[PDB]
Amino acid sequence: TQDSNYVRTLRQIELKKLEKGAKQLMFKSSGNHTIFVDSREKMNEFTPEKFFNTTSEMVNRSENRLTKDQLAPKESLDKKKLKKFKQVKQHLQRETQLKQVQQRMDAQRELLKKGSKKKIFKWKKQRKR
Amino acid sequence: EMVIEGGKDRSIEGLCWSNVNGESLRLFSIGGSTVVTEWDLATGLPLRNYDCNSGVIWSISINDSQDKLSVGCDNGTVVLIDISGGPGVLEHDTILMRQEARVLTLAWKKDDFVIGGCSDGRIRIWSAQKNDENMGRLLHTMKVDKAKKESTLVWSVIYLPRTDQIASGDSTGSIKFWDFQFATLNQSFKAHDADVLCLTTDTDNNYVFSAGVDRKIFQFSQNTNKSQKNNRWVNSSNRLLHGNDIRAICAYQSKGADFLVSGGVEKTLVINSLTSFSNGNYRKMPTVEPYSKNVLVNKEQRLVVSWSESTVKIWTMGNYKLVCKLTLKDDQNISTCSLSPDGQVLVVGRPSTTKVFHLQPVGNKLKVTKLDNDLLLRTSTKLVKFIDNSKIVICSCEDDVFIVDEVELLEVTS
Amino acid sequence: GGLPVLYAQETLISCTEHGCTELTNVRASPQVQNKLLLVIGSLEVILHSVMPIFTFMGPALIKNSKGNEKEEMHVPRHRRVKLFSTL
Amino acid sequence: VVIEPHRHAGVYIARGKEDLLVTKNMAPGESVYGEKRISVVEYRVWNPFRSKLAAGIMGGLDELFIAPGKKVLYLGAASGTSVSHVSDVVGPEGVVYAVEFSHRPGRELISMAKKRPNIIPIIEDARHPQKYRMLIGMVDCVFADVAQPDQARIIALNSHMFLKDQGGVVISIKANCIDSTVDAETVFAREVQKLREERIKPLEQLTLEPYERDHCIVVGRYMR
Amino acid sequence: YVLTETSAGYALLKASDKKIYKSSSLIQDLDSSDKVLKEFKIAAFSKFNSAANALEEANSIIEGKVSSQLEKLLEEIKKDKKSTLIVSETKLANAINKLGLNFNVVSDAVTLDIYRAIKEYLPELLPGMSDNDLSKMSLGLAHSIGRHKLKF
Amino acid sequence: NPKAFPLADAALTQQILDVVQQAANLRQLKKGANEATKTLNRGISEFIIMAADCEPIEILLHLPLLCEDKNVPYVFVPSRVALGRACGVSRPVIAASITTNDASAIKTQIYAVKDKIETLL
Amino acid sequence: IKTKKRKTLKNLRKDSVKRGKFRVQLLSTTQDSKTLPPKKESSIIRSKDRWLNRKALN
Amino acid sequence: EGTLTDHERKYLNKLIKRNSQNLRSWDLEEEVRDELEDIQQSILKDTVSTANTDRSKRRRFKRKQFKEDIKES
Amino acid sequence: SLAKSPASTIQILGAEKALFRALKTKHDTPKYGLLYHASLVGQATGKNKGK
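Going line by line, the protein sequences match chains H, E, F, G, P, R, V, A and D.
According to full-length UniProt numbering, the residues represented by the first sequence are 101 to 172, 186 to 233, 242 to 250, in order.
According to full-length UniProt numbering, the residues represented by the second sequence are 88 to 405, 413 to 499, 510 to 518, in order.
According to full-length UniProt numbering, the residues represented by the third sequence are 887 to 902, 911 to 921, 933 to 948, 954 to 968, 992 to 1006, 1019 to 1032, in order.
According to full-length UniProt numbering, the residues represented by the fourth sequence are 86 to 125, 139 to 322, in order.
Taking full-length UniProt numbering, the leading residue of the fifth sequence gets 3, the next gets one more, and so forth.
Taking full-length UniProt numbering, the leading residue of the sixth sequence gets 5, the next gets one more, and so forth.
Taking full-length UniProt numbering, the leading residue of the seventh sequence gets 155, the next gets one more, and so forth.
Taking full-length UniProt numbering, the leading residue of the eighth sequence gets 104, the next gets one more, and so forth.
Taking full-length UniProt numbering, the leading residue of the ninth sequence gets 308, the next gets one more, and so forth.
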């Protein structure tokens, strides 16, 4: 029905909306961490979480890990956070779908320009004068 | 005369000298990894260890007039290092244009052009000259002939200044003589039978001596006047000299001395007369000329101590019995290791940390008991020689002399 | 200035005239002579009272070390003179 | 909608409808590269994805030397976008010394440091502290984001000409700009050997994985 | 004695410390001054701050970033004619340019240590200007001739 | 040509011009400077090749700035008539972007060229 | 009496392993790696020695 | 400096436990943090596609293994 | 940030609202925009001002 000329602008609208929605989203850090210590008595007893001078329960989080001197509306947060992540993922599948639609429609428009063509889709190598 | 030994798990696959006119001769060597180690020539200590910024180092080439230095890394880079300001000084100057080949060998032409053979097959020619618009850029990628069943990779390349050429040796034996300007192949030889690993020349380039992994060292010549009118090389003479390999070669000339020195994976050192290679009386060196000795004996208990690298082994006579074997892990690069005039006190030397044990012979095995001598453990020792049965003398790595269990000497003019 | 550095070096060599010093000081040489007088008192009672009466009329380390020398050092009259010259 | 403080004095986390890292304002009323503002006093968010210090922070350091009264040098100052939030967490009585060689981003640095009087920008190269001397004295931390491969020589020369003792060195190294084709942990081991040879006592390192690929932050104290 | 030409505020300023030459600079961090010992040892000699103007800022910028033959630097140099002794500079090029008229310039590897020691405790004692005044005058010079001589 | 930052060598120029020939065979590139900036803004370009042979070089070096913003690889080539004859157009083009298609038949040589371009910064 | 010796030698000579979530590497004495600077990069010098003991030559 | 730890230990432990429970209750849910982590993982894997860079570094490492392995093709 | 823009958007830089409503419905996008008040597209006559 519509066009490459329509679907391109729609996809650009949605791509910019997606990137400045991910600009406000926040992801969890991961991967590793490594502390450098002088050789013995830190290999004998390993370094615990208490190198950080924090509590023992609040060390698994990669975010804010409040120490002791700095350390001394129930379902709505989680349902809106999961709905926002669902909305960004729905934006992303809309991006992929509009991308493949513009892909096939642009190929179908490009197939009728010119060229000594043959279905194998390749062109006869002669430069467009 | 002088040995500078590094201990367990360290190599050297490249080194070069620097002698500017009026100052100290210095060695820049590599290890296995990413550091140009500038050694002293005073007391066997690396006075500077420049971690080069890129890759893993593969070959050094000093520049003419000895102010610049080229290393070839493994990511693809060739790094220029400026060395000016006497000893101790090393600064990164520039890295030249990257590529995707493990750069294997380098050689300067003048202070301008660095020729580098790389592990794709190609030898490339970077330019690096001050006050000129193409600095850091290459000029040509001349390409050696490949082979289908094997990745051909050029192992060495040198510059020939009289006939303005570059000689390349590679991993098919194809020693190829390329022209420098116009950047293409003057002539070729499939002389060798396996990997060519090194080559050299003399001071006015009438000869090119190549030597590879099938140990056949042969000499291409340009001696006759019509051959230098054509500036074309012949496959003049051949010589087999070795048992297993060659892995390096060098040449030297003077008006009283002219000879070639080669060596390989059998551990010797073979010397030929340079300008008379077909005529010359060659000479094999012995595999050990131990002018820093490695095995000591003593006449109490009739025992022999034999210290290998970071490891000592003690036995005694009578047949015999291989009594004990000590290995040391804090001691890495071994040195002189002398025993008492009694089967008690053994001092083992290392120029960083040197130790003393005493020995309880319980019969068919020994018992070794370390004793803490901390002034000894913090000084640096070249010779330990056991004046009396308890006290010893020590030389220093700083030209002092002390007594363990103080001494002065007179100075000497420079 | 050089004589002040000489006085500080001599005091450090001993540890290893105050009225005339304050008079010629008030008559960066002032701060150097004050720090020298403080070091000389650190490493002398009536001269110290005259030096307090002179030095109150006039840096940071010299004042802190003068406080240290004063706490090392009737007493109501000296404290009254010091506080009245400060206020 | 609720502001909650972080480990370091100057950086907070906005909780509420969504959780995200955030920092305060020195120049009120305006964003500087297009990011969101949250006014509950105004604050400006700063994402881990186009910064490197921010992704290091959300990875979680241990003793970060970025201080709200002390002076911080930024070398390898990109076109705004990190020095703004470093300026915000340093605050008014401190100062941030941005320095950047390539002077196509120099226009962005000059125009942004005109708006906030807490940055001072320097346009000379990161290799010549003799050149951009005369204007800096005794900073209290240095933070590098230099992409040139001699990162250790650069931060070493700038630190021991400029950084005082027990001053923090924090660096964002990237694997591929110094040594490609060899893995990340190997090149970080090589870089920290170069650092310990240059006696910056390295406290801690992390690789900041899911925000930005194949980098590392190395923190440490300087021990002269 | 001491001859160290610290260019910090708006032009040159000579350091009149209470120590000796580059050998005492090799003993300086050995003493590990770092404190009120340094704050009492160092003292001012002469600070040739012409103005906070753009012209004086650009002239001192050309001095401290090129061949240091500025008129203010030469005028502060021609104010110690009692020995024509050895001075301690920072940059190699400025040291070589200062070693062209009746002196002995030097700059080697402990000059940076004494320069660290005087950049820490510079604005307390030597110029007399307040620390915020220097922290803003540095911003002024940085935006003025840190930009416009190098950026276009 | 001092503002012409990285320009390729002889062999790298030859291999990228053969891969741009195969790209023009398979119709997987967009040619011209304004078309290059269009496809760079809409974010499809694998890499950019640009010819340092035009009388201003500033007719093309505006796309390096957003190319550095979008981290795409980019490289110069010393001949615009070579770009034209290799791209398959009778006029001398300036710039050419290669668009992204993971289901190609030249994907591996495009990616090897892309690594050889992003290695020299 | 068979492998406990080399097991305790390994567990004293190795660098430390990941406690909790993250890992900890040690830091050697600076008065060891000051007289013999590198460690030989085994993963590439085994490559050069493998090429020189290639099976194609004999 | 004193750390009396008689009433101070109990007060500090109770205050630290209450504040740590408050800061841990500020987070969403330990059970529902399995779906949000999967959505974040998919969004990251389709936004910041570093798998192409990883495969490119794998090719750049495979192209320099000196090929004593036959290149027969 | 005007130089970093193609020739097509330098053409249609003005009349973007007619552009976007013509894109999101089915019409034909405009051709002059803000350059229409220049001195040369007024010199041309017909659809020659479009070209």
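For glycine and all other residues, C-beta sits at the position ideal for the given N, C-alpha and C.
Reference residue i; option with closest CA among the options
i                      : options                    : result
residue 167 of chain G : G/202, G/184, G/251        : G/184
residue 114 of chain E : E/122, E/108, E/104, E/430 : E/104
residue 183 of chain E : E/154, E/146, E/213        : E/213
residue 482 of chain E : E/370, E/432, E/415        : E/432
residue 198 of chain H : G/104, G/177, G/170        : G/104
residue 124 of chain H : H/225, H/200, H/230        : H/200
residue 213 of chain G : G/310, G/264, G/111, G/93  : G/111
residue 240 of chain G : G/286, G/281, G/265        : G/265
residue 448 of chain E : E/430, E/458, E/459        : E/430
residue 385 of chain E : E/371, E/403, E/399, E/394 : E/403
Buried versus exposed, by CB contacts within 10 Å (16 or more), residue i
i                      : result
residue 232 of chain H : exposed
residue 126 of chain H : buried
residue 114 of chain A : exposed
residue 475 of chain E : buried
residue 942 of chain F : buried
residue 229 of chain E : buried
residue 91 of chain R  : buried
residue 247 of chain G : buried
residue 198 of chain E : exposed
residue 457 of chain E : exposed
Any C-beta of chain G under 8 Å from that of residue i
i                      : result
residue 121 of chain E : yes
residue 118 of chain A : no
residue 101 of chain P : no
residue 115 of chain A : no
CB contact below 8 Å: residue i versus chain E
i                      : result
residue 164 of chain A : no
residue 300 of chain G : no
Residue i at chain R interface by Cβ criterion, 8 Å
i                      : result
residue 159 of chain A : yes
residue 148 of chain G : no
is_contact[residue i, chain H] using C-beta, thresh 8 Å
i                      : result
residue 127 of chain A : yes
residue 181 of chain V : yes
residue 92 of chain G  : yes
residue 170 of chain V : yes
residue 303 of chain G : yes
Chain A within 8 Å of residue i, Cβ atoms only
i                      : result
residue 225 of chain G : no
residue 169 of chain H : no
residue 73 of chain R  : no
Any non-hydrogen atom of the ligand MN closer than 7 Å to residue i Cβ
i                      : result
residue 375 of chain E : Looking for the ligand MN in the displayed structure turns up nothing, as the structure carries no ligands at all.
Short CB-CB distance (under 8 Å) between residue i and chain V
i                      : result
residue 156 of chain H : no
Residues that residue i bridges to, as DSSP identifies them
i                      : result
residue 94 of chain E  : DSSP output for residue 94 of chain E lists no bridge partner at all.
residue 136 of chain E : E/124
residue 35 of chain R  : R/100
residue 395 of chain E : E/398
CB contact below 8 Å: residue i versus chain P
i                      : result
residue 994 of chain F : yes
- Query: Mind listing which residues of the segment 104–137 of chain H have their C-beta closer than 7 Å to chain G's C-betas, in chain order?
  - Reply: The segment 104–137 of chain H vs chain G, Cβ under 7 Å: 123, 124, 126, 127, 129, 130, 131, 132, 133, 134, 135, 136.
- When Cβ atoms are compared, which residues of the segment 271–290 of chain G fall closer than 9 Å to chain R? 274, 275, 278
- Contact list for the segment 43–59 of chain R against chain H, Cβ threshold 7 Å: Residues of the segment 43–59 of chain R with a C-beta atom less than 7 Å from some C-beta of chain H are 46, listed in chain order.
- Quick one: which residues of the segment 240–256 of chain G get their C-beta closer than 8 Å to a C-beta of chain A? List them in chain order. none
- Item | Selection of the segment 191–203 of chain H by Cβ proximity to chain A, strictly under 8 Å | 191, 194, 195, 198, 199, 201, 202
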